[PDB]
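S.K.: What follows is the file input.cif, containing mmCIF, C-alpha atoms:
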data_input
#
loop_
_atom_site.label_atom_id
_atom_site.label_comp_id
_atom_site.auth_asym_id
_atom_site.auth_seq_id
_atom_site.Cartn_x
_atom_site.Cartn_y
_atom_site.Cartn_z
CA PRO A 1 20.83 -9.23 -130.10
CA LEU A 2 22.94 -9.77 -133.22
CA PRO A 3 25.02 -6.85 -134.62
CA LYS A 4 23.12 -4.36 -136.78
CA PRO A 5 23.69 -4.67 -140.55
CA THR A 6 25.12 -2.08 -142.91
CA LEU A 7 22.61 -0.44 -145.24
CA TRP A 8 23.67 1.85 -148.08
CA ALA A 9 22.61 3.17 -151.48
CA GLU A 10 24.25 2.98 -154.90
CA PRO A 11 25.19 5.38 -156.34
CA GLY A 12 23.90 7.24 -153.28
CA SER A 13 20.97 8.20 -151.08
CA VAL A 14 20.20 11.35 -153.05
CA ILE A 15 19.20 10.37 -156.57
CA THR A 16 17.40 12.53 -159.12
CA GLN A 17 13.91 11.53 -160.21
CA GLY A 18 13.55 8.93 -162.94
CA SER A 19 17.07 7.71 -162.27
CA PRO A 20 17.88 4.30 -160.73
CA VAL A 21 19.18 3.45 -157.29
CA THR A 22 19.83 0.18 -155.52
CA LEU A 23 19.52 -0.22 -151.77
CA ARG A 24 22.03 -2.63 -150.25
CA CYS A 25 22.27 -4.40 -146.89
CA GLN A 26 25.17 -6.54 -145.67
CA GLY A 27 25.30 -8.11 -142.22
CA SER A 28 27.19 -11.34 -141.53
CA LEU A 29 26.69 -14.53 -143.55
CA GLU A 30 27.02 -14.80 -147.34
CA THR A 31 23.35 -14.33 -148.23
CA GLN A 32 19.75 -15.41 -147.77
CA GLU A 33 18.02 -13.61 -144.87
CA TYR A 34 17.67 -9.86 -145.35
CA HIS A 35 14.59 -7.68 -144.90
CA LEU A 36 14.17 -4.04 -145.90
CA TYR A 37 11.40 -1.71 -144.71
CA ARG A 38 10.25 1.93 -144.54
CA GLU A 39 9.14 3.01 -141.09
CA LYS A 40 6.26 5.53 -141.00
CA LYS A 41 4.85 4.22 -144.24
CA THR A 42 5.24 0.78 -145.80
CA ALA A 43 7.21 0.72 -149.05
CA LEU A 44 5.18 -1.58 -151.29
CA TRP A 45 7.90 -1.71 -153.95
CA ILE A 46 10.00 -3.85 -151.61
CA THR A 47 7.43 -6.65 -151.61
CA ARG A 48 8.08 -7.11 -155.32
CA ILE A 49 11.84 -7.69 -155.26
CA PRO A 50 12.57 -11.28 -156.38
CA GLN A 51 13.95 -13.55 -153.64
CA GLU A 52 17.15 -14.00 -155.63
CA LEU A 53 18.01 -10.34 -155.05
CA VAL A 54 16.67 -10.06 -151.50
CA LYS A 55 18.86 -13.05 -150.63
CA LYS A 56 21.87 -11.13 -151.88
CA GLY A 57 20.61 -8.17 -149.89
CA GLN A 58 19.80 -6.18 -153.01
CA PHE A 59 16.79 -3.92 -153.47
CA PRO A 60 16.89 -2.26 -156.92
CA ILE A 61 14.85 0.70 -158.11
CA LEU A 62 15.08 1.12 -161.86
CA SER A 63 13.11 4.38 -162.03
CA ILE A 64 12.77 6.20 -158.71
CA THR A 65 9.57 8.18 -158.09
CA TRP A 66 8.61 10.68 -155.38
CA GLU A 67 6.79 8.04 -153.36
CA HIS A 68 10.07 6.12 -152.98
CA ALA A 69 11.59 8.74 -150.69
CA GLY A 70 11.70 7.88 -146.99
CA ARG A 71 13.59 6.36 -144.08
CA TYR A 72 14.72 2.78 -144.66
CA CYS A 73 16.11 0.22 -142.22
CA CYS A 74 16.93 -3.43 -142.55
CA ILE A 75 17.67 -6.51 -140.48
CA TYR A 76 18.99 -9.94 -141.33
CA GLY A 77 19.01 -13.22 -139.42
CA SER A 78 18.21 -16.92 -139.62
CA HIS A 79 15.34 -18.43 -137.56
CA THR A 80 18.24 -19.60 -135.47
CA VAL A 81 20.67 -18.11 -134.87
CA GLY A 82 18.19 -15.24 -134.54
CA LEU A 83 17.17 -11.81 -135.80
CA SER A 84 19.51 -8.78 -135.78
CA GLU A 85 19.03 -5.18 -134.73
CA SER A 86 17.80 -2.58 -137.19
CA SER A 87 20.60 -0.97 -139.17
CA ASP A 88 20.92 2.81 -138.95
CA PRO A 89 18.26 4.58 -141.04
CA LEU A 90 18.90 5.48 -144.67
CA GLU A 91 17.44 8.76 -145.86
CA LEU A 92 16.40 8.01 -149.43
CA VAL A 93 15.96 11.38 -151.11
CA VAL A 94 14.53 12.14 -154.56
CA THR A 95 15.18 15.40 -156.45
CA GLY A 96 15.12 17.04 -159.89
#
Spell out the structure here as structure tokens.
M.R.:
Amino acid sequence: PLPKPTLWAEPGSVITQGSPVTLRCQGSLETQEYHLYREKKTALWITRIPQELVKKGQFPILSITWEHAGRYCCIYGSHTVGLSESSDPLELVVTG
């Protein structure tokens, strides 16, 4: 039951439409085993983030749309030493 990671948004969780935002998750080790997800509805855009970013715990959105809004959580963890708990939810809001 590893510690839950820290998930945040840059510049923030409320970003106007068409503008960029990057979701970020940092847990323990340097890199390499992060996973982001949206909970009531799968966020397909996550499955397209290159491994190089995902390994750094980075999930960019260059041009945010309405369908991006939702509740996001993430967990890290290596086969061993094991998977972590879900971070607290991030409310990703889109406006304008």
S.K.: Please determine the residues with any atom at most 7 Å from (18.0, 7.4, -147.0) (coordinates as given in the file, with all atoms listed in the file counting) and report them as a PyMOL selection string.
M.R.: chain A and resi 13+70-72+89-93
S.K.: Where does the PyMOL selection byres ((chain A and resi 14-28) around 7) land in this file, that is, which residues does it pick, as a PyMOL selection string?
M.R.: chain A and resi 4-13+29-30+57-65+74+76+92-96
S.K.: Keeping only C-alpha atoms, write the selected residues to a file as a PDB file, in the frame of the given file.
M.R.:
ATOM      1  CA  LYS A   4      23.120  -4.360-136.780  1.00  0.00           C
ATOM      2  CA  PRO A   5      23.690  -4.670-140.550  1.00  0.00           C
ATOM      3  CA  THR A   6      25.120  -2.080-142.910  1.00  0.00           C
ATOM      4  CA  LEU A   7      22.610  -0.440-145.240  1.00  0.00           C
ATOM      5  CA  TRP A   8      23.670   1.850-148.080  1.00  0.00           C
ATOM      6  CA  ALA A   9      22.610   3.170-151.480  1.00  0.00           C
ATOM      7  CA  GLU A  10      24.250   2.980-154.900  1.00  0.00           C
ATOM      8  CA  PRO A  11      25.190   5.380-156.340  1.00  0.00           C
ATOM      9  CA  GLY A  12      23.900   7.240-153.280  1.00  0.00           C
ATOM     10  CA  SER A  13      20.970   8.200-151.080  1.00  0.00           C
ATOM     11  CA  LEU A  29      26.690 -14.530-143.550  1.00  0.00           C
ATOM     12  CA  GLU A  30      27.020 -14.800-147.340  1.00  0.00           C
ATOM     13  CA  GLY A  57      20.610  -8.170-149.890  1.00  0.00           C
ATOM     14  CA  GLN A  58      19.800  -6.180-153.010  1.00  0.00           C
ATOM     15  CA  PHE A  59      16.790  -3.920-153.470  1.00  0.00           C
ATOM     16  CA  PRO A  60      16.890  -2.260-156.920  1.00  0.00           C
ATOM     17  CA  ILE A  61      14.850   0.700-158.110  1.00  0.00           C
ATOM     18  CA  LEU A  62      15.080   1.120-161.860  1.00  0.00           C
ATOM     19  CA  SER A  63      13.110   4.380-162.030  1.00  0.00           C
ATOM     20  CA  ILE A  64      12.770   6.200-158.710  1.00  0.00           C
ATOM     21  CA  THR A  65       9.570   8.180-158.090  1.00  0.00           C
ATOM     22  CA  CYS A  74      16.930  -3.430-142.550  1.00  0.00           C
ATOM     23  CA  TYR A  76      18.990  -9.940-141.330  1.00  0.00           C
ATOM     24  CA  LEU A  92      16.400   8.010-149.430  1.00  0.00           C
ATOM     25  CA  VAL A  93      15.960  11.380-151.110  1.00  0.00           C
ATOM     26  CA  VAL A  94      14.530  12.140-154.560  1.00  0.00           C
ATOM     27  CA  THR A  95      15.180  15.400-156.450  1.00  0.00           C
ATOM     28  CA  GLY A  96      15.120  17.040-159.890  1.00  0.00           C
TER      29      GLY A  96
END
S.K.: Go through the shown structure with the PyMOL selection byres ((chain A and resi 47) around 12) and write out the matching residues as a list in words.
M.R.: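 Residues picked by the PyMOL selection byres ((chain A and resi 47) around 12): residues 35, 36, 37, 38, 42, 43, 44, 45, 46, 48, 49, 50, 51, 53, 54, 59 and 60 of chain A.
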S.K.: Please, what distance in Å, to one decimal, runs between CA of residue 39 (chain A) and CA of residue 52 (chain A)?
M.R.: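 If I compute the distance from CA of residue 39 (chain A) to CA of residue 52 (chain A), I get 23.8 Å.
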S.K.: Which residues fall under the PyMOL selection byres ((chain A and resi 86) around 7) in this file, as JSON, numbers by chain?
M.R.: {"A": [4, 73, 74, 75, 84, 85, 87, 88]}
S.K.: For CA of residue 78 (chain A) and CA of residue 1 (chain A), quote the distance in Å rounded to one decimal.
M.R.: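 Computing the Euclidean distance for CA of residue 78 (chain A) and CA of residue 1 (chain A) yields 12.5 Å.
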S.K.: For CA of residue 41 (chain A) and CA of residue 79 (chain A), determine how far apart the two atoms are, in Å to one decimal place.
M.R.: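 Distance between the two atoms: 25.8 Å.
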S.K.: Identify the residues around (18.9, -16.1, -147.8) within a radius of 8 Å, measuring from all atoms listed in the file in the coordinates stated by the file, and give them as a PyMOL selection string.
M.R.: chain A and resi 31-34+54-56
